[PDB]
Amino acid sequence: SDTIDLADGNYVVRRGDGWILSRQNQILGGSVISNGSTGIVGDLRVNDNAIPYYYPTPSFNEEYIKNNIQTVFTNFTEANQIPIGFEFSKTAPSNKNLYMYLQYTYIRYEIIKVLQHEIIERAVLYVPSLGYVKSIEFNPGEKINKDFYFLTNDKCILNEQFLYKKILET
């Protein structure tokens, strides 16, 4: 369940890179390449696409979340002011069509309150990382799995992580 072998108190948790968000998958658009050609899509992490997603709780408001995350782990406010690019390349096989689409990835951070080996409260922060492309080869009129286009729940395309540090009182 939400059971964890830790003492009572609050913790900052780094849940890892490679998280993608639900519903958001195709909003950047995608490319259609055909017959031997190569498609390259990329992006540039600055300013207003690097603005993170907060999800506070009665105990853990946004400022509390930001300060504790930036103290223990990476300071995303300083980092995301400096443009970083990323690109992906796909090559269409001969006489076939390929569709590739792009979505951002995030580092997932958590603030958890633990009481009697149990997580009773959890705040979440998603900080924009880089990106991820999915591609498929298709025929005209071929039905495509809904799962390829649309993600119902947040998932990590990598191995999830759990890197914790106990937060001490003011």
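Residue numbers here begin at 1 and follow the sequence given.
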Higher mean Cα B-factor in the deposited model: 21 to 29 or 6 to 14? 6 to 14
Between 100 to 108 and 40 to 48, which has the larger average Cα B-factor in the PDB entry? 40 to 48
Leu115: CA B-factor among chain residues, third -> highest
So where's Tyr53 on the chain's Cα temperature factor ranking, which third? middle
Quick check on the deposited entry: does the C-alpha B-factor of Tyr126 sit in the lowest, middle or highest third of its chain? lowest
Going by the CA temperature factor in the PDB record, which third of the chain does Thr77 belong to: lowest, middle or highest? middle
